[PDB]
K.L.:
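First the structure, then my questions, so here it is.
Quick note on labels: first sequence line is chain A, next is B, and so on, each numbered from 1. Numbering of ligands and ligand atoms starts at 1, following listing order.
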2 protein chains.
Amino acid sequence: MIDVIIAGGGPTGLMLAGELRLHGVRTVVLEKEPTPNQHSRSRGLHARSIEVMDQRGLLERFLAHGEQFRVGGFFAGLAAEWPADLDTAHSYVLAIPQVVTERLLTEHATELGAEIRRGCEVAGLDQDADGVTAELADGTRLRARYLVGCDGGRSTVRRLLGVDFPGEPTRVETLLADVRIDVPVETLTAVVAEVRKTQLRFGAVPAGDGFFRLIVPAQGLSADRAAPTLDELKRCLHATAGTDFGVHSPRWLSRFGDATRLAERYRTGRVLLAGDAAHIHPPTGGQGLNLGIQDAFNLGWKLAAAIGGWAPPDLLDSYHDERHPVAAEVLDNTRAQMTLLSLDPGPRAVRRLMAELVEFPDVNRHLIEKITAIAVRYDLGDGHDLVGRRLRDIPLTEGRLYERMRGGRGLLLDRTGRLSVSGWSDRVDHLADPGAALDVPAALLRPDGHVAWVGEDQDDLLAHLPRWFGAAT
Amino acid sequence: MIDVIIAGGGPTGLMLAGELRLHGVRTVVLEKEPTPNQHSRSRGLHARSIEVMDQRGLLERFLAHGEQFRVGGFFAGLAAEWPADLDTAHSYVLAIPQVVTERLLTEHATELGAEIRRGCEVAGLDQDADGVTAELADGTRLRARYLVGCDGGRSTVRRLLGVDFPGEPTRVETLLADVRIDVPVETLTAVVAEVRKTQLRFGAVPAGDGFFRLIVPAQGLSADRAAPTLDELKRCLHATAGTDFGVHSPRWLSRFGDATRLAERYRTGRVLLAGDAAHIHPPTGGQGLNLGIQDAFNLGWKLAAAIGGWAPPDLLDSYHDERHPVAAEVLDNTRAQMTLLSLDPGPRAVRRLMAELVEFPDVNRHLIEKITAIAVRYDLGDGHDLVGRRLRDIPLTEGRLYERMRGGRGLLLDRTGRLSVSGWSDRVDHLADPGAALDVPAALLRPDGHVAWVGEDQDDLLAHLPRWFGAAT
Ligand SMILES: Cc1cc2nc3c(=O)[nH]c(=O)nc-3n(C[C@H](O)[C@H](O)[C@H](O)COP(=O)(O)OP(=O)(O)OC[C@H]3O[C@@H](n4cnc5c(N)ncnc54)[C@H](O)[C@@H]3O)c2cc1C
Ligand SMILES: Cc1cc2nc3c(=O)[nH]c(=O)nc-3n(C[C@H](O)[C@H](O)[C@H](O)COP(=O)(O)OP(=O)(O)OC[C@H]3O[C@@H](n4cnc5c(N)ncnc54)[C@H](O)[C@@H]3O)c2cc1C
């Protein structure tokens with residue numbers, strides 16, 4: 001029997017598939033497209049995702065396929081420098097196109113034994129006390145214990161579950177086009193800089209083969225929501241830039257709206273949602289793929305614990321509880337960034353103010369910690385300030401913390417010489433290293449790297465172990 | 001002959017009148033209303049104005065008539081605490097009603113010998129190479145050397161000069177009403193707090209005689225711009241608060257718009273503009289009266305120098321040059337604050353972000369330094385960071401710096417034991433005090449307290465003296 005079916009083999013589904021396979025969960029990914037999508041949305045990973053890749057031994061291959069940037073501009077285009085003191089060992093943006101990210105994640109899930117089935121479109125579902133059935137559009141059916149809808153912003157699974165998707169509708173649309181041009185790049189660049197004085201929803205990024213990615217505001221809102229024609233792209237370039245640059249030969253035409261919507265329940269019985277299936281928002285700040293990877297990283301070890309039979313009874317519900325608030329904050333911060341890009345005089349004045357404020361290092365750091373997700377803190381109810389936050393990478397006596405996390409178990413980082421995870425050692429590794437560079441006596445880490453407990457008293461540690469790791473054996 | 005006619009005896013005109021009388025300028029204020037206005041707009045003075053009053057020996061009487069506050073909320077209502085480290089010796093808001101401010105300024109101008117003429121409405125003007133004629137609406141005429149329009153936001157003088165008043169039109173109107181209510185104050189307070197969760201353009205402030213000042217958004221924009229009726233106030237209270245509180249017996253009804261307009265030229269020959277006559281904007285942050293007092297404080301000693309015959313040829317033009325940019329920044333910051341009060345979801349998201357940022361002390365300080373005008377810096381072209389800024393009050397060996405400024409002359413604060421203002425001592429006092437708590441060798445202060453020069457070399461000091469103080473005698 002299949003343990004988990006994943007509907008959708010985008011970055012979220014593929015990441016989830018890898019996390020599940022770490023625990024020997026039998027995982028089948030049903031991806032509707034017969035061949036990988038060739039057009040990239042995402043342009044890169046942010047620090048929390050880069051950390052996550054390094055905790056799973058994937059960072060070397062991501063670095064080998066991308067370029068590291070430390071530049072300003074990630075929060076609503078607000079120019080700065082990169083913050084000097086961001087609290088991560090991975091303080092950069094990894095520019096890497098989404099197609100490449102999906103290739104790396106695909107090759108990793110496949111090598112861990114996930115079964116990826118392309119050309120398989122989930123059309124229907126049926127669940128009961130014991131499992132879930134997925135019905136494919138070709139009439140075939142698959143049974144598993146759980147089903148996770150990782151099937152993007154127009155998720156079939158979300159619709160079939162009848163999960164509400166409340167939020168703000170699209171009010172502002174933007175065109176995206178991969179096109180050739182008929183002006184020299186220096187001419188394109190000169191005009192773009194003049195426009196971007198005021199309209200920051202505009203630009204042109206070379207693909208390095210003579211094509212350019214043009215971003216240009218739409219005129220109004222479209223009834224269809226269909227992709228724009230070349231004719232509409234030209235009208236929009238004329239309106240914003242005063243020229244269409246002789247654009248021709250499009251190889252991709254797209255439109256995106258600024259709606260911010262969040263699934264009301266991430267879990268419905270044995271079916272969950274993750275990634276764009278659970279939340280949509282503007283690309284301002286480059287956050288969605290990152291958010292989805294982190295959804296998968298939250299969910300995977302929990303679902304694995306439930307399949308393994310040791311998950312405490314509330315564990316799976318803690319996926320919604322922790323991740324739904326996080327997405328709500330991304331959605332809000334993208335509403336704020338879109339307002340900072342508005343040409344209306346009030347917003348332009350607020351933008352000038354924000355430009356003054358981001359010269360303060362605390363502000364610049366705050367906005368980038370927000371964007372890059374390194375300061376996410378779940379409410380795991382304790383006082384100690386580290387509890388609920390992920391722990392950054394730190395040097396050990398030999399090596400580093402993230403090197404020890406590649407199995408995806410919990411980890412007790414113990415500097416006291418005195419604690420013990422006996423009873424849970426099959427689920428929690430004991431990293432007994434007084435030399436570790438972390439100024440607490442000990443920290444219990446969940447498999448997602450978030451701190452569940454900080455302290456130095458064995459009895460207290462025994463009290464917190466079952467919450468995340470179930471019963472002693 | 002009259003030296004200066006001031007059109008308008010509001011706070012700006014009255015302050016200007018006092019500054020001029022310090023120098024024996026013959027000053028006549030033509031105020032159109034026969035009796036003082038009884039309704040207050042302004043609720044208080046900000047730190048730069050409080051400093052200015054203390055440099056002119058008026059602070060004791062302002063403090064005796066007002067209440068000192070150190071509370072958050074002055075930038076778009078963003079709750080904080082008052083910033084701990086604001087760079088002023090006068091770190092507070094002086095709550096004092098505008099009527100009282102005008103009384104104090106009137107009694108001060110009158111005691112210095114300004115001639116205030118109430119019931120005198122400027123209707124027309126005529127200037128030539130030698131002077132200006134003001135024509136009053138009763139057909140009488142007065143001649144002076146200069147005329148300053150201090151005649152408010154619908155300035156007659158600005159209109160007669162044909163000075164453009166460009167900017168953003170009113171898009172958002174607010175009602176103001178001094179009314180009695182028919183609910184207990186605790187009920188009023190409870191509803192206002194519920195509304196102010198989201199609508200911060202709403203409130204109710206007791207006058208202490210059973211009347212309340214109610215602030216409530218208008219519905220739309222009015223064609224007349226006329227004062228609202230009680231009926232319109234009720235409609236607006238119902239819409240915003242769900243109740244009109246039984247408001248009755250209005251003693252004042254007003255409406256104000258959010259237009260931001262700035263006179264294109266502060267000076268037209270022998271006629272200048274100051275105060276609301278030169279700029280209008282929202283009351284967000286409580287800045288207009290303050291800005292006007294500071295306009296007068298910039299202009300007065302300069303006009304006095306021109307009347308006295310020693311002003312360098314560019315001096316009077318430096319009023320426009322210095323003060324026009326300052327007003328432009330107030331106008332912009334009020335556009336930003338109004339946006340932060342908008343109920344639209346984008347602005348609400350930007351407001352939540354700003355609420356996070358103002359917890360950083362640098363941000364809170366930055367916004368309050370902006371509001372209170374203490375960080376205004378004129379471009380007087382040097383490098384030294386103090387040049388162009390006002391100098392805060394500082395302790396002397398005995399006493400304090402602001403105690404020595406009450407004559408309204410320049411002031412060389414010299415710690416070196418070696419400098420000299422000989423040649424200019426009738427215009428610049430030499431405060432030779434190595435014990436003064438200021439970490440520069442010496443600072444030359446203009447009569448408005450702004451630093452013209454910092455250094456320690458007599459020859460260099462001689463080079464900068466004529467720019468502000470004319471030729472040696
Ligand atoms: C213009 C733009 C730029 C962006 N830039 C960035 C960025 O720089 N950084 C960032 O982090 N994010 C970025 N994003 C957001 C990012 O692209 C998405 O958040 C990311 O694709 C979400 O991945 P996902 O796996 O959840 O969903 P998707 O990538 O949509 O994948 C869903 C998968 O489901 C398959 N599927 C759909 N229906 C079914 C079905 N019924 N059965 C089976 N399979 C199905 C689809 O074929 C697809 O492969 C950007 C978005 C836009 C529009
Ligand atoms: C609701 C509200 C609240 C505010 N709160 C604050 C605050 O807390 N702090 C702050 O600093 N500012 C505040 N302001 C702004 C403040 O009231 C004004 O900036 C201030 O009144 C400007 O003074 P002024 O002397 O330039 O003009 P005004 O006070 O308008 O005075 C102009 C004078 O000119 C006279 N006049 C007009 N035409 C003629 C003519 N032809 N001949 C002769 N005389 C004439 C008028 O009678 C009047 O006395 C607020 C404004 C509003 C609407």
K.L.:
Measure from atom 30 (O) of ligand 1 to every heavy atom in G285(A), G152(A), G9(A) and give the option owning the shortest one.
P.N.:
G152(A)
K.L.:
Looking only at protein heavy atoms, which one is nearest to atom 31 (O) of ligand 2, and how far off is it?
P.N.:
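So the nearest neighbour among protein heavy atoms is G10(B) CA, 3.6 Å.
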K.L.:
When you measure from the centre of the six-membered ring of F165(B), is the NZ or CZ of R158(B) closer than 6.0 Å and no more than 45° off the axis?
P.N.:
yes
K.L.:
Between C150(B) and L16(B), is there a side-chain heavy-atom distance shorter than 4.5 Å?
P.N.:
yes
K.L.:
Answer side chain, backbone, both or neither: which part of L14(B) comes under 4.0 Å from ligand 2, heavy atoms only.
P.N.:
neither
K.L.:
Indicate yes or no: at least one non-hydrogen side-chain atom of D178(B) is less than 4.5 angstrom from one of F212(B).
P.N.:
no
K.L.:
Any donor-acceptor pair under 3.5 Å linking the side-chain atoms of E329(B) with those of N333(B)?
P.N.:
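There is no such pair between these side chains.
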K.L.:
Please indicate whether any nitrogen or oxygen in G153(A) is less than 3.5 Å from any nitrogen or oxygen in ligand 1.
P.N.:
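Not met; the criterion fails.
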K.L.:
Do other residues, nucleotides or ligands put more than 12 heavy atoms under 6.0 Å from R43(B) CZ?
P.N.:
no
K.L.:
Got the closest protein heavy atom to atom 16 (C) of ligand 1, with its distance?
P.N.:
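Atom 16 (C) of ligand 1 sits closest to the protein heavy atom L289(A) N, 3.7 Å.
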K.L.:
Who gets closest to atom 44 (N) of ligand 2 by heavy atom: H39(B), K32(B), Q294(B)?
P.N.:
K32(B)
K.L.:
Taking it one step at a time, do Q294(B) and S49(B) satisfy side chain to side chain donor-acceptor pair (under 3.5 Å)?
P.N.:
CA-CA 7 Å; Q294(B) 292 165 36; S49(B) 294; 2.9 Å; yes
K.L.:
Does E33(B), backbone or side chain, put an N or O under 3.5 Å from an N or O of ligand 2?
P.N.:
no
K.L.:
Can you sort out which atoms of ligand 1 are near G288(A), meaning under 4.0 Å from one of its heavy atoms?
P.N.:
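Selected atoms, number and element: 10 (C), 11 (O), 12 (N), 15 (C), 19 (O).
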K.L.:
Nearest protein heavy-atom contact for atom 29 (O) of ligand 1: which residue, which atom, what distance?
P.N.:
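Protein heavy atom at minimum distance: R41(A) NH2, 3.3 Å.
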K.L.:
Is the shortest N/O to N/O distance between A274(A) and ligand 1 below 3.5 Å?
P.N.:
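Between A274(A) and ligand 1, no N or O pair is found under 3.5 Å apart.
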K.L.:
Any donor and acceptor pair, going by atom type alone, linking the side chain of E33(B) with main-chain N or O of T35(B) inside 3.5 Å?
P.N.:
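No; judged by distance alone, with no hydrogens or angles, the pair does not exist.
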K.L.:
Could you see which bit of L176(A) sits under 4.0 Å from ligand 1, with heavy atoms only: side chain, backbone, both or neither?
P.N.:
side chain
K.L.:
Any heavy atom of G286(A) closer to ligand 1 than 4.0 angstrom?
P.N.:
yes
K.L.:
Have a look at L105(A), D151(A), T12(A) and point out the one with the heavy atom closest to atom 24 (P) of ligand 1.
P.N.:
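Among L105(A), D151(A), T12(A), the closest heavy atom to atom 24 (P) of ligand 1 comes from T12(A).
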K.L.:
At under 4.0 Å between heavy atoms, is it the side chain or the backbone of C120(A) that contacts ligand 1, or both, or neither?
P.N.:
backbone
K.L.:
Can you tell me which residue among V330(A), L291(A), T260(A), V326(A) is in a side chain to side chain contact (heavy atoms under 4.5 Å, CB included) with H279(A)?
P.N.:
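Of the listed residues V330(A), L291(A), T260(A), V326(A), the side chain to side chain contact (heavy atoms under 4.5 Å, CB included) partner of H279(A) is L291(A).
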K.L.:
For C150(A), counting its heavy atoms only, list the atoms of ligand 1 lying under 4.0 Å from any of them.
P.N.:
32 (C), 33 (C), 34 (O)
K.L.:
Would you check if the side chain of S40(A) reaches a backbone N or O of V99(A) as a donor-acceptor pair within less than 3.5 Å?
P.N.:
yes
K.L.:
To which protein heavy atom is atom 8 (O) of ligand 1 closest, and what is the distance rounded to 0.1 Å?
P.N.:
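Minimum-distance protein heavy atom for atom 8 (O) of ligand 1 reads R43(A) N, 3.0 Å.
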K.L.:
Identify the protein heavy atom lying closest to atom 43 (C) of ligand 1, giving its residue, its atom name and the separation to 0.1 Å.
P.N.:
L30(A) O, 3.2 Å
K.L.:
As a check for students: among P11(B), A7(B), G275(B), identify the option with a heavy atom nearest to atom 23 (O) of ligand 2.
P.N.:
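Looking at heavy atoms only, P11(B) sits closest to atom 23 (O) of ligand 2.
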K.L.:
Considering only protein heavy atoms, which is closest to atom 2 (C) of ligand 1, and at what distance to one decimal place?
P.N.:
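Of every protein heavy atom, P283(A) CB, 3.6 Å lies nearest to atom 2 (C) of ligand 1.
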K.L.:
Under 4.0 Å from a heavy atom of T156(B): give me the atoms of ligand 2 that qualify, with their elements.
P.N.:
41 (N)
K.L.:
Determine whether any heavy atom of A123(A) lies closer than 4.0 Å to an atom of ligand 1.
P.N.:
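No.
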K.L.:
Nearest to atom 47 (O) of ligand 1, what protein heavy atom do you find, and at what distance?
P.N.:
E31(A) OE2, 2.5 Å
K.L.:
Please work out, at 4.0 Å between heavy atoms, whether the side chain, the backbone, both, or neither of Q98(B) comes within that distance of ligand 2.
P.N.:
side chain
K.L.:
Give the residue, atom name and distance (to 0.1 Å) of the protein heavy atom nearest atom 18 (C) of ligand 1.
P.N.:
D276(A) OD2, 3.3 Å
K.L.:
Are any side-chain N or O atoms of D258(B) and backbone N or O atoms of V172(B), one a donor and one an acceptor, separated by less than 3.5 Å?
P.N.:
yes
K.L.:
Tell me: protein heavy atom nearest atom 5 (N) of ligand 1, and distance?
P.N.:
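For atom 5 (N) of ligand 1, the nearest protein heavy atom comes out as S42(A) CA, 3.4 Å.
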